[PDB]
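One chain comes next, on its own, written as structure tokens: the form deposited in one PDB entry.
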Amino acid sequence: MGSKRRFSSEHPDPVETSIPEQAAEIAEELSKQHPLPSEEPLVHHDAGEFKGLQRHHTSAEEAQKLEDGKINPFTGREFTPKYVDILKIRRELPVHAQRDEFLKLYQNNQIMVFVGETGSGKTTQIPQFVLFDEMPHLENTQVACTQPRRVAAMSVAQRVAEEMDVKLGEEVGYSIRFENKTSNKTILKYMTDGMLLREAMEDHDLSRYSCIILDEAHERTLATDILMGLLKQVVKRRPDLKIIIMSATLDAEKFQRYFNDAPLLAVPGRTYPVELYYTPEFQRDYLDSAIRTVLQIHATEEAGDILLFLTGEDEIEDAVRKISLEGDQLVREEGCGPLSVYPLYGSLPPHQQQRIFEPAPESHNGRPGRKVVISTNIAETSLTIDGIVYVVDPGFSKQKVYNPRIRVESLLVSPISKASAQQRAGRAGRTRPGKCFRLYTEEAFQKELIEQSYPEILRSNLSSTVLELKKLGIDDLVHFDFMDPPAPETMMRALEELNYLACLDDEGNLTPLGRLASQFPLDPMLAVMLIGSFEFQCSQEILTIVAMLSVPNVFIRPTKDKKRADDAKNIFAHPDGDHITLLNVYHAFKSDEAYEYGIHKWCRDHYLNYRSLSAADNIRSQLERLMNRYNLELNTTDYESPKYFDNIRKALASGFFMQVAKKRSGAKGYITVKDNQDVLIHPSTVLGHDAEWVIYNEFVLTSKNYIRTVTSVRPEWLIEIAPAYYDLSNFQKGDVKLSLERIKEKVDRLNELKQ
């Protein structure tokens, strides 16, 4: 890197030998032939209803006047009765008592920090307060409000659209990856932090916004950490941009310092007392204990809804059916009030999200009707369900973990932090004195649980982050002003990986491939695989595989019904090719037979998750549009062609050649090309005899090291496709890999001369 790296046939240029790079160059030239247009202009309504209001000199009183008026200032329409009822209710939120104090701070500072307990009205009200003082629409801009969580962004936008008496997708909208609900009319845009990051990649100054509100900063996601850095600089280049940092942690010092001694507004807490119940003994099996305590609460405690925290969608759906079924049994057998039960988790469709806010069912019984929401930690600080009085806290969540010594992420179910435990308990005290049932000991809470979780950036593989920073035009990656810097070595490794992928050249600059990959909301390996696929004559099939990989395991395997579940899977299963299996299932899911059969019944009878398949369907559609937009041809070859499956395996390889494992000759296990790790094929797939080399999607770390979602690949293909990576010079000494790598190359040379 110091002097220009030299390349040669023995140590080749990864960019020059990248098949996907070749595709990107073809696509780039096509685009350069018909340069795509610019963003459609924003549009707004102005009939003088804002006359008399002066930007940045607004008051709560003036705003209230408009809100109290008969006609909606942002539109031309009469305010509805629904609106007025919602209006008087939300005016009770703690944030309203400080509206004027907030405006003052907003008016006199470019950056401010805003802290308050969840439920106090931060996400719903504040951005509305800003619309009145900022009148962004009259100056041709919007205001962004960023959420770490998709569900918070979607549901809160739906609510705020109601609070503003406008249509969702119009004046108030949301933007999520693969799911956009905005238009030329949108003024207030709730969105994931990931999506604003992506907007910034296209427009470094985020010129479309006059105010950016980074919310739930206390979660310290990668995306908000990056946005905080970026915005700390953008703010020097645009005096017209205002920035609000919102957080639930009444801790602000560190944030204020980071943002050049920015001022702080704190909302006093209004939470009612919450009585804490602990288990006397350690609880080995929390699910059934959680279920038991929900039913006990419902049968014995007075009115008040229940919030149960679980860990993931499968577990949650399982608990929904068990609690639902036992609830019904309690009505008929003991005369309990009705008990409604709702799931909440990351992938829920919007309609279903909205169900959690439904009133508890009325009892015609004399015993209280009651709602149970069974939620992931979305319900920890990201949103509130009015009427919760009881929380059940098993003490676990799904957390990203990184391993520097093995260089790999993995999502594990792990004990929560004490701060998280505190937040969960707090949800019980929003409306009245509540109770929180912790499925662990008081000792464990006081001495075992870690105080605070580490920021995501310190628990992350940074290959996506590096490509993003590069796209943002950041050259000095080491000195990017992170609030908590990652270890330099994780960054270096990411740069190297991106170079091998040919997204960056050896001097750290974007290639045509890197530039194009940055246009897809996908991990670099996936985007590269997709980009190159038309060069392998199978972009239609790679399209579906990438969509299928962007979604949870689709196959349902009940513990008590394994045999039939497996029978069903084998209908689609491809030997030595889990990746092909995904293609089969999706193709069948889209079949006329399936549709004729009744799609939902079809998935159920086939042990398939309709929710995941439908999400894959939408993702495929959105990806196709990107491919049309950037001129990546949609390719396929005849299924009857001896090269069909070959092409697919090769395209997979072009992206995943660094996630390859070779069959251990002596130990009858597997060894990974990168880092030389001993691993076993995950139990969920059966290896065939001719599968000496496999490409794997995932590294799973239970008690042993497993490799999951594998497809066989010919070694000569790896060498042919990624010569720079499969150069024995950088290969450590012997075990089986280098050794049999040499053998492969020998065999390959030996074949040339004869002819």
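The first residue of the shown sequence is 1; numbering continues from there.
Undergrad: Can you let me know which of the two, 374-382 or 165-173, has the higher average C-alpha B-factor in the entry?
TA: The recorded data point to 165-173.
Undergrad: Out of 657-665 and 622-630, which stretch has the higher average CA B-factor listed in the record?
TA: The deposited B-factors put 657-665 ahead on the C-alpha mean.
Undergrad: Per the PDB entry, which option out of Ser464, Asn403, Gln147, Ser397 has the greatest Cα B factor?
TA: The record points to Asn403.
Undergrad: So if I compare the CA B-factors in the entry for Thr80, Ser417, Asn180, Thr141, which one is the largest?
TA: Across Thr80, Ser417, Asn180, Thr141, the entry lists the biggest C-alpha B-factor for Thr80.
Undergrad: Grab the CA temperature factor for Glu29 from the record and place it in the lowest, middle or highest third of its chain.
TA: Bottom third by C-alpha B-factor.
Undergrad: For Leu276, return the chain-relative third of its C-alpha B-factor as stated in the PDB record: lowest, middle or highest.
TA: According to the entry, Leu276 has a C-alpha B-factor in the chain's middle third.
Undergrad: Where does the C-alpha B-factor of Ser247 rank in its chain, lowest, middle or highest third?
TA: It falls in the bottom third of the chain.
Undergrad: Divide the modelled residues of the chain into thirds by Cα B-factor and specify which third, lowest, middle or highest, holds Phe534.
TA: Middle third - that is where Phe534 ends up once the chain's C-alpha B-factors are sorted.
Undergrad: Sorting by Cα B-factor within the chain, modelled residues only, which third would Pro524 end up in: lowest, middle or highest?
TA: For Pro524, whose C-alpha B-factor we compare with every modelled residue in the chain, the answer is the lowest third.
There is another form of the same protein, the form solved in complex with a partner chain; it is not shown, and what comes next is about it.
Undergrad: Tell me, out of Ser417, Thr182, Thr293, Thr249, which residue has a non-hydrogen atom within 4.5 angstroms of the partner chain in the deposited bound form.
TA: Contact check passes for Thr293.
Undergrad: Among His218, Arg438, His682, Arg198, which has at least one heavy atom within 4.5 Å of the partner chain in the deposited bound form?
TA: The residue in contact is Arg438.
Undergrad: With the cut-off set at 4.5 Å between non-hydrogen atoms, does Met627 touch the partner chain in the deposited bound form?
TA: Because no heavy atom of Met627 falls inside 4.5 Å of the partner chain in the deposited bound form, the answer is no.
Undergrad: So in the deposited bound form, is the partner chain close enough to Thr581 to count as touching (4.5 Å, heavy atoms)?
TA: Judged by the heavy-atom cut-off of 4.5 Å, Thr581 is well away from the partner chain in the deposited bound form.
Undergrad: Given that the partner is absent here, does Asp484 sit within 4.5 Å of the partner chain in the deposited bound form, heavy atoms only?
TA: No, no contact at 4.5 Å.
Undergrad: May I ask you to check whether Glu275 falls inside a 4.5 Å heavy atom distance of the partner chain in the deposited bound form?
TA: Because a heavy atom of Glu275 falls inside 4.5 Å of the partner chain in the deposited bound form, the answer is yes.
Undergrad: For the chain seen here without its partner, which of 96-104, 126-134, 473-481, 263-271 has a heavy atom within 4.5 Å of the partner chain in the deposited bound form?
TA: Heavy-atom contact with the partner occurs in 263-271.
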